[PDB]
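Undergrad: Pasting a structure here, questions to come.
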Amino acid sequence: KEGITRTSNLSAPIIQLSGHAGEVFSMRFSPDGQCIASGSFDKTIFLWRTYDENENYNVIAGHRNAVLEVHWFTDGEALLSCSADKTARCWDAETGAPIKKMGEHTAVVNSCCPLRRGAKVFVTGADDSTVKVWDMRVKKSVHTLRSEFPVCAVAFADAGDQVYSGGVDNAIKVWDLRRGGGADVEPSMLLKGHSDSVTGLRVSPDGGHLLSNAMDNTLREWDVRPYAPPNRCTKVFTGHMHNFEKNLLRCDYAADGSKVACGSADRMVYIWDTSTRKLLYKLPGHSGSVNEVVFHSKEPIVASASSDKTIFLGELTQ
Amino acid sequence: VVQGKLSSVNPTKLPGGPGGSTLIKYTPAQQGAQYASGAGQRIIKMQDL
Amino acid sequence: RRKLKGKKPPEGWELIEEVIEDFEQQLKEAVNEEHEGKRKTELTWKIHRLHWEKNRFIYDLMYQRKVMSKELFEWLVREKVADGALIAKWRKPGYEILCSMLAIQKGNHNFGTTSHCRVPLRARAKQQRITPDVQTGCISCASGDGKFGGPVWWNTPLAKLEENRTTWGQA
Amino acid sequence: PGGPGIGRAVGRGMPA
Amino acid sequence: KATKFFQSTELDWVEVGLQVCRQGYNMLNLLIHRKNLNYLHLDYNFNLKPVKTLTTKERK
Amino acid sequence: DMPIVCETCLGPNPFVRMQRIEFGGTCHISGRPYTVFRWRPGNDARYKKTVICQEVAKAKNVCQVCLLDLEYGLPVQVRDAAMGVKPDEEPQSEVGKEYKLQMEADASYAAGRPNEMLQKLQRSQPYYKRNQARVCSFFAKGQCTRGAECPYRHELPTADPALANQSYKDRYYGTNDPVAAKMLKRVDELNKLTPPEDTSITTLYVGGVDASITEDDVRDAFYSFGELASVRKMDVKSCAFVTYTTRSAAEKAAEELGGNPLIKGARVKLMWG
Amino acid sequence: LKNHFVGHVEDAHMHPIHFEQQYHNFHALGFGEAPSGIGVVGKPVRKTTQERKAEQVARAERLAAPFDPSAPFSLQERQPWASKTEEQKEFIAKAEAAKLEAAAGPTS
Amino acid sequence: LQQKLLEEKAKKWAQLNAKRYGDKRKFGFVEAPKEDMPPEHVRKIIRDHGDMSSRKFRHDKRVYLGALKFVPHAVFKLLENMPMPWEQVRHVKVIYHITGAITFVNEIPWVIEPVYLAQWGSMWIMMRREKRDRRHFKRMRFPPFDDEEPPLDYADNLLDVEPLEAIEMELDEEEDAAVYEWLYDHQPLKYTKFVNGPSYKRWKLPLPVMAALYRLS
RNA sequence: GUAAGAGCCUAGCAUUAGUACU
Ligand SMILES: [Zn+2]
Ligand SMILES: [Zn+2]
Ligand SMILES: [Zn+2]
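For the record, the sequence lines run as chains A, B, C, D, E, F, G and H.
In terms of the deposited numbering, the first sequence has 55 at position 11, counting the first letter as 1, and numbering is strictly consecutive.
In terms of the deposited numbering, the second sequence has 178 at position 31, counting the first letter as 1, and numbering is strictly consecutive.
According to the deposited numbering, the third sequence holds residues 4 to 161, 167 to 179 in order.
In terms of the deposited numbering, the fourth sequence has 113 at position 14, counting the first letter as 1, and numbering is strictly consecutive.
In terms of the deposited numbering, the fifth sequence has 564 at position 24, counting the first letter as 1, and numbering is strictly consecutive.
According to the deposited numbering, the sixth sequence holds residues 18 to 124, 138 to 303 in order.
According to the deposited numbering, the seventh sequence holds residues 102 to 146, 165 to 203, 211 to 230, 237 to 240 in order.
In terms of the deposited numbering, the eighth sequence has 236 at position 153, counting the first letter as 1, and numbering is strictly consecutive.
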């Protein structure tokens, strides 16, 4: 009955992931697309399989406060967790052991992004208005830039030399780390056009486009190509929501650059078609503000995480 | 059903603490700019005493 | 009784002994007062205020003047003369004139809150700005709110310090 | 080291 | 002890025992005077005495 | 899972902390143990609790707290009168009432046009002053020591002495509910435009008419209730003369259009011309 | 087609700061945020450095007080706090005495 | 913006990320267990709800009757915690209902067992000395109080009576020197290095101590 | 002689909702 074109191998087209005991603040799909890293407010990371049971086969603990942001490392076996307990942590996924815990920040480490081409290096931007760059094998932080306003969202560019940081200061900045080996570098690019804070930053699958979610209830698409018009602003999306919760609401690109998914505070999973700049999917089902949405590496699968201690995991039909 | 009949009807079960707050979003039948002082919906903290 | 049985009290006890015994006599007569003509909730208000003032004498000497010895204070706590938990609290930042340990027990309150007296009188609404807590009789033990160094109790004019609290001193 | 997680199939609820 | 309806102190044992005795007396007399058996009383040494000479209906 | 409540009996705050006392009371009508809800509507409020079962609430579309109807906020009489519906058949007995309930378990208020009558006789803004402390019974007797601190209203009771004895079951069912009685006697007077001792005055005065209402518009108004002898405008007063040919037609026109009808929006008054 | 009876009841999940903060921005202040995310609701109805300093002054002043290790402490005030319109109610109570005493023609 | 607003906007985001992830606010947080009251609190609650025969405490009668199914427990808990012949007073931990309906002794009589046998062996000895040496042993009358009088008020009658000497053996100093300054304490070594700690599990006693204990016992 | 009940007068258990004006 109803036989509507099963896309994925998942048992069902809509799967809810439960087992957390707090808000789920950020999630991430394995590069090989058969793992889930879910970081909750309960300062814990659930590791789920994407197929055949959706088994949370490991719960990694070790943060003393909410694990606000999780990415995987480029090979998928090491995990980068960032928290409110001022401590970013590198873990081994298969094992259940923590590898390297760096806690150099003074306040909540809101945002992080690990570099996708090059060395094992990740940026982390926290409440101290400082965006710091962290190389894996040294135990000191390799870079430290100081804005004046608490850093909400940070990303490392496709190519690996600049860092994007956006926060409460109404303008997102692009900085050059090789241009800066000093302790008070000044910003390279000032993307303006959001009318208040930025909450989430995603680097496009080609690297020319940066996605910014703003509590300006606006998704904005900028181009980072060093040869741009005077206004790097390309696209605007309307539809999602930000409320008094001021949660860390993020961005994502479909693995093809064809869709863009935002987490919203109206409990809705929003998925726009980037081209027509209009709303493809408006999926309900979450009882709390939708914190981050992640598109599965291979298939059109979208998985969302909410402040309702669950994660919906399903495929898109049209 | 059997555990309802066992526990609910068993009285030696020591009574205890307060059933925690559950939030709900309640959207009324009648919402006008005078009801909830011009707000649309209500969040209710449901606290079991 | 506990202090009066057997053992000796450490050195210093002769200074605080008459005051402590006065506070115990006041509590003894508060327990014996009559309750006709006053709310059921106000039975223990005088007991709570007196317990506060007694432990505030012990606190005043042990940590504000520091004229009390660590071994004398530890004796008073051990022999139940001092409320060790409440004096311990008054040391915490923000709990400096806390009226009672009941006021910040959160299983104690319907909504899992502290009591409305812990809330700075400014940030409260006129309904919860002149009503004393039903258990302790404290209107405001928020640090910052305190008249005369203590809480704002049921009858604390928001008069003169001498007319509103016991004023031990060393005459 | 299976953790305290489950995944169950559920429709997404709708408000109307 | 966790319930908001119980508090805690340290009391002389003899005091708690006087308490426990008065409380059991109060409970049993509330049970008597709740069953409307206002012709019986429990005295302080826990003897249930009829304050009258009872009919068989009352005795029942 | 949520009370069925008058949205006045939730006060101005869009956020509500409410206590949920499951098995906290007996329904004041079905005598049934049910889940009570208690809350403070606002900062000037008291703590109100639900008074009836959730079912017994949603049967007669009344609030669980005030027992007033849910759409219009008027007692169950005034709404049943304007609904024109039969007297309550529901059994007053509790053996009967519980039998009716256990029946309806095992197996008309939402589909009515908004009655103008009820709308005419309802409050525009919410009676928040219904969510407020009772009156200090020690202030009445002059013996209140609590001063301004009293959580109870420091005023005296100013109430009809036949009122202040209202019955739950009667305010829920609709029998001798003195408040709705007062209200219907009010509407009885307002529906009572005095037909004067002069029998032959066959004209009705139409005052307060805003200018965009024309004489044939008020003719379209008054033609229904009888033949018109003559209609006369004067916008200087914003008023009108309307004489009929039969007295009973002007009686019809007073009786239907005495309780302040609005012709094409204008709040207009009628008098015996 | 609705969920509850008189409206739609929907589960919610926030962090607990947010309920309380909004409930008390409106609750106490009169005016707060709409829980729907649509604007704000209703109509509106610290500490220092010299004053902070002067309180530190009074603290150090109580510290400057001489302590006599010979002298025991006494209790001077010893319980000062413990020993501690009317017109309409006068007229009403007059009416009460009236209806009280009143609580206690034929022709041809 | 221009720090004419961005100051307070940034500060508000700062304080809200502070409050949202506090230690009072975080996940595994447990609230601290209830502290003791002053004893005058229950003393007055129980004195005022005296015989539950006033109108003021009438809505308490339900719960008072409801306390009855717990009155065996309270009895057991009181009687397991009764002082021992060498104690004059035992202060005892107690949970009480907020109305004064039941009081439970919230204690267990944990003894270091060699110490407890030394204590009751002393009792044996001294009791037999007294039955021997005493001209007339007058036994208590039972019931100690008569059927009609209401149980005493502790506050009024016993709170400021200085007790009396309990039964204690005059321990030979220089021979009982090991167990001498503490044999007749309630829990004799509770704050020494010879017990795990004040929770009074796990004693560990030296050799001359156990020798005196075995001798007295 | 049971002892049951009907009633009469006087007869102290539960409740917290509701009080408007063109
Ligand atoms: Zn207080
Ligand atoms: Zn209502
Ligand atoms: Zn009053």
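We put the beta carbon where it would ideally sit given N, CA and C, even for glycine.
What I want to know is whether the C-beta of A106 (chain C) ends up closer than 7 Å to one or more non-hydrogen atoms of ligand 1.
TA: Translated into positions along the third sequence, residue 106 (chain C) becomes position 103. Yes, ligand 1 has a heavy atom inside 7 Å of this Cβ.
Undergrad: Near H187 (chain A), which residues of its chain fall below 6 Å by C-beta distance, leaving aside the five closest residues on each side in sequence?
TA: Reading the first sequence from its first residue, position 143 is the one you call residue 187 (chain A). Around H187 (chain A): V177 and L221.
Undergrad: Since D243 (chain H) meets chain E, which of its residues come closer than 7 Å, beta carbon to beta carbon?
TA: Position 160 of the eighth sequence, counted from the start, is the residue given in the question as residue 243 (chain H). Within chain E, no residue comes near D243 (chain H); the closest Cβ sits about 12 Å away, beyond 7 Å.
Undergrad: So the candidates are H:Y274, H:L272, H:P168 and H:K176; which of them puts its Cα closest to the Cα of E248 (chain H)?
TA: Residue numbering aside, residue 248 (chain H) sits at position 165 when the eighth sequence is read from its first letter. Closest option to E248 (chain H), Cα to Cα, is H:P168.
Undergrad: Under the DSSP definition of a beta bridge, which residues are partnered with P344 (chain A)?
TA: Reading the first sequence from its first residue, position 300 is the one you call residue 344 (chain A). According to DSSP, which records beta bridges pairwise, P344 (chain A) is partnered with nothing at all.
Undergrad: Say the cut is 7 Å; is the CB of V73 (chain F) nearer than that to a heavy atom of ligand 2?
TA: For the purposes of this step, residue 73 (chain F) is taken as residue 56 along the sixth sequence, with counting starting at 1. Every heavy atom of ligand 2 is 7 Å or more from the Cβ of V73 (chain F), so no.
Undergrad: For the region 333 to 340 of chain A and the region 300 to 311 of chain A, state whether three or more C-beta atom pairs, one from each stretch, are separated by less than 8 Å.
TA: Short answer: they touch.
Undergrad: Would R246 (chain A) and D202 (chain A) qualify as a contact pair, given that the criterion is a beta-carbon distance under 8 Å?
TA: The residue labelled residue 246 (chain A) in the question sits at position 202 within the first sequence. The residue labelled residue 202 (chain A) in the question sits at position 158 within the first sequence. No, the pair does not count as a contact, with Cβ atoms beyond the cut-off.
Undergrad: Interface residues of chain A around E134 (chain G) at Cβ under 7 Å?
TA: Sequence index remark: in the seventh sequence, residue 134 (chain G) carries index 33 (1-based). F288, listed in chain order.
Undergrad: Give every residue of the same chain whose Cβ lies closer than 7 Å to the Cβ of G87 (chain C), excluding the five residues on either side of it in the sequence, and list them in chain order.
TA: Along the third sequence, one-based indexing puts residue 87 (chain C) at 84. Around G87 (chain C): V80.
Undergrad: Taking Cβ-Cβ distances shorter than 9 Å, what residues in chain A pair up with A115 (chain D)?
TA: Reading the fourth sequence from its first residue, position 16 is the one you call residue 115 (chain D). The contacting residues do not exist; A115 (chain D) stays about 10 Å from chain A at best.
Undergrad: Ligand 3 and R164 (chain F): does any heavy atom of the ligand fall closer than 7 Å to the residue's C-beta?
TA: By one-based count along the sixth sequence, residue 164 (chain F) stands at place 134. Outside the cutoff, so no.
Undergrad: Determine the burial state of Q214 (chain G): buried for a count of at least 16 other Cβ atoms within 10 Å of its Cβ, exposed for fewer.
TA: Here residue 214 (chain G) refers to the residue found at position 88 when the seventh sequence is read from its first residue. So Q214 (chain G) ends up on the exposed side.
Undergrad: Going along the chain, which residues of the region 253 to 264 of chain F sit with their C-beta nearer than 9 Å to a C-beta in chain B?
TA: Under the 9 Å Cβ criterion, the region 253 to 264 of chain F contributes no residue.
Undergrad: Between which residues of its own chain and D260 (chain A) is the CB-CB distance below 6 Å, once the five residues before and five after are set aside?
TA: Looking up residue 260 (chain A) in the first sequence gives position 216. So the qualifying residues of the chain are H238, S239 and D240.
Undergrad: Taking its Cβ as the centre, do 16 or more other Cβ atoms sit within 10 Å of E67 (chain A), making it buried, or is it exposed?
TA: Looking up residue 67 (chain A) in the first sequence gives position 23. Flag for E67 (chain A) reads buried.
Undergrad: Hey, does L153 (chain B) have any beta-carbon neighbour from chain G nearer than 8 Å?
TA: Numbered from 1 along the second sequence, position 6 holds the residue referred to as residue 153 (chain B). Output row for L153 (chain B): interface = no.
Undergrad: Given 8 Å as the limit, is there contact between the region 107 to 125 of chain G and the region 261 to 273 of chain F, that is, 3 or more CB pairs closer than that?
TA: The region 107 to 125 of chain G, when compared against the region 261 to 273 of chain F, does not touch it at the 8 Å Cβ threshold.
Undergrad: What in chain B is Cβ-close to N113 (chain C), meaning under 7 Å?
TA: If you number the third sequence from 1, residue 113 (chain C) lands on position 110. Ordered by position in chain B, the residues that pass the 7 Å Cβ test against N113 (chain C) are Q194 and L196.
Undergrad: Is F217 (chain G) a contact residue of ligand 3, with contact defined as CB to any heavy atom under 7 Å?
TA: Sequence index remark: in the seventh sequence, residue 217 (chain G) carries index 91 (1-based). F217 (chain G): no, Cβ never under 7 Å from ligand 3.
Undergrad: Any heavy atom of ligand 3 closer than 7 Å to the CB of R63 (chain F)?
TA: To locate residue 63 (chain F), count along the sixth sequence from 1; it is residue 46. False, no ligand heavy atom lies under 7 Å from that Cβ.
Undergrad: Please give me, in chain order, every unbroken run of the alpha helix (DSSP H) with length at least 4 that falls completely inside the region 43 to 92 of chain F.
TA: Listed in chain order, the complete alpha helix (DSSP H) runs (minimum 4 residues) inside the region 43 to 92 of chain F are 71 to 76.
Undergrad: Going by DSSP in three states, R108 (chain A) sits in which element: helix, strand or coil?
TA: Position 64 of the first sequence holds residue 108 (chain A). The answer is coil: DSSP assigns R108 (chain A) none of H, G, I, E or B.
Undergrad: What did DSSP end up calling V262 (chain H) once you bin it into helix, strand or coil?
TA: Taking the first residue of the eighth sequence as 1, we reach residue 262 (chain H) at position 179. Looking at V262 (chain H) - three-state DSSP - the assignment turns out to be coil, as it is neither helix nor strand.
Undergrad: Go to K322 (chain A), then tell me how far its beta strand (DSSP E) extends in each direction, as first and last residue.
TA: Position 278 of the first sequence, counting from 1, holds the residue named residue 322 (chain A). Run containing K322 (chain A): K322 to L327, per the beta strand (DSSP E) assignment.
Undergrad: Give the interface partners of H109 (chain G) over in chain D, defined as CB-CB distance under 9 Å, in chain order.
TA: Against the seventh sequence, residue 109 (chain G) aligns to sequence position 8. In chain order: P114 and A115.
Undergrad: Closer than 8 Å is the cut-off here; do at least three beta carbon pairs connect the region 112 to 121 of chain H with the region 547 to 558 of chain E?
TA: Yes, the region 112 to 121 of chain H touches the region 547 to 558 of chain E.
Undergrad: Hey, could you find the ends of the beta strand (DSSP E) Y274 (chain F) is sitting in?
TA: In the sixth sequence, counting from the first residue as 1, residue 274 (chain F) sits at position 244. Looking at the DSSP string, the run of the beta strand (DSSP E) that includes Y274 (chain F) is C269 to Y274.
Undergrad: Quick check: does the Cβ of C23 (chain F) come within less than 7 Å of any heavy atom belonging to ligand 2?
TA: The residue you call residue 23 (chain F) lines up with position 6 of the sixth sequence. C23 (chain F) Cβ: within cutoff of ligand 2.
Undergrad: Can you tell which of C:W156, C:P160 and C:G152 has its C-alpha closest to the C-alpha of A177 (chain G)?
TA: On the seventh sequence, position 58 is the one that residue 177 (chain G) refers to. When each option's Cα is compared against that of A177 (chain G), the closest is C:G152.
Undergrad: Nearest to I50 (chain C) by alpha carbon, out of C:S103, C:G40 and C:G115?
TA: Taking the third sequence and counting its residues from 1, one reaches residue 50 (chain C) at position 47. Considering only alpha carbons, the answer is C:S103.
Undergrad: What did DSSP end up calling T117 (chain C) once you bin it into helix, strand or coil?
TA: Here residue 117 (chain C) refers to the residue found at position 114 of the third sequence. Of the three classes helix, strand and coil, the one that applies to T117 (chain C) here is coil, per DSSP.
Undergrad: Give every residue of the same chain whose Cβ lies closer than 7 Å to the Cβ of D267 (chain A), excluding the five residues on either side of it in the sequence, and list them in chain order.
TA: Locating residue 267 (chain A) in the first sequence gives position 223, counting from the first residue. Result list for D267 (chain A): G252, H253, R276 and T278, in chain order.
Undergrad: Are there any heavy atoms of ligand 2 lying less than 7 Å away from the beta-carbon of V107 (chain G), as far as the coordinates show?
TA: For this step, residue 107 (chain G) is matched to residue 6 along the seventh sequence. No, the Cβ of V107 (chain G) stays beyond 7 Å of every heavy atom of ligand 2.
Undergrad: Anything in the region 43 to 71 of chain F with a Cβ closer than 7 Å to a Cβ of chain C? List those residues in chain order, please.
TA: Going along the region 43 to 71 of chain F in chain order, one finds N60 and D61 with a Cβ nearer than 7 Å to chain C.
Undergrad: Is any non-hydrogen atom of ligand 3 found closer than 7 Å to the C-beta of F168 (chain F), if you look at the structure I gave you?
TA: Position 138 of the sixth sequence, counting from 1, holds the residue named residue 168 (chain F). Flag set: Cβ of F168 (chain F) near ligand 3.
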